[PDB]
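Below you'll find only one chain, the form deposited in one PDB entry, shown as structure tokens.
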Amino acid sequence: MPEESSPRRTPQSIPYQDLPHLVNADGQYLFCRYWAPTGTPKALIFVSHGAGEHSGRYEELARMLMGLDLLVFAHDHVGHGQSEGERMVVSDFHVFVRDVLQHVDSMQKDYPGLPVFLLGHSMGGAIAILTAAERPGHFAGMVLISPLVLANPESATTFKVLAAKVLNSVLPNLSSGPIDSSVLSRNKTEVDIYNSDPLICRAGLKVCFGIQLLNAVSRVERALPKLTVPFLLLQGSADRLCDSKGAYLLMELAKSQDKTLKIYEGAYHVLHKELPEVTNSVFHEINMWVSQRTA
């Protein structure tokens, strides 16, 4: 008698049968998270995390959104958190977009006729932009927290050189240095939390992944005149990871009739984990923006 193989487990050895999950088009398990209100939801909202991190870092934002009667859902992108895949490796950046769309399509089957929003931060924001651009008119709105539109100019040069080296030669171990945690937030407790979370990948960025980020930046630039979705854009003026010039470029080139930019003077990259004065405003602004577009 043939027997069923050992239960499939997360990279942290937890069986997927014990967790909310989804199997993507490549047969990879994605870890899922849901925050549903007690009553019938007013809308759905997918939360898209950034590079090296995971969906668990959006707990407080998700609970605020659930408090507005939205059903919030997320998954860890391939190669991240509790999902399968080699850490910070992606065959093509579009895999992230394809997987967000599969999850959105699955949820819309269970909640037909409900409006669907996107919330994305950093690389997660580039994923949200490419997702909305692929399906014009499908999403009700997008909330972008320091999205990856334009890389810091120095980092763009570093990866363009590194990409051109492996274009010509075979170097599978080639990597840049790790992301400098001190530039994440002026809130040192949040810097310390980022450095303590075992689900966060704090290794150097592999060149193959850097190439996919270069692809993401190029694709976002081409997508901007196709963007019509309503959006709220939040950006720190002292962001060393996603250049503030990108937020101004997105406001200028997107065709969206409903677009708003809020700049946080002196703030670093992770606005929803910044100094309390910034974080409290970020939460309030998202709450007002979503409340106005779900009422």
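Start at 1 with the first residue shown and count on from there. Residues that one form lacks are left out of the comparison. Think of the rigid core as the biggest set of C-alphas that the two forms share within 1.5 Å after superposition.
Absent from the display: the form deposited in another entry. The rest refers to it.
Aligning the rigid core between this form and the one not shown and inspecting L101, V89, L171, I193, the C-alpha positions shift by 2 Å or more at one residue, which is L171. Here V217 does not count as shifted, since its C-alpha moves by less than 2 Å between this form and the one not shown after the core is aligned. Once the rigid core is overlaid between this form and the one not shown, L71 does not reach a Cα shift of 2 Å, moving by less than that.
Shown in the overlay between this form and the one not shown, fitted on the rigid core, is a CA shift at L162 of 2 Å or greater.
Listed alone, 162-175 marks the only place where three or more consecutive residues have CA shifts of 2 Å or more between this form and the one not shown on superposition of the core.
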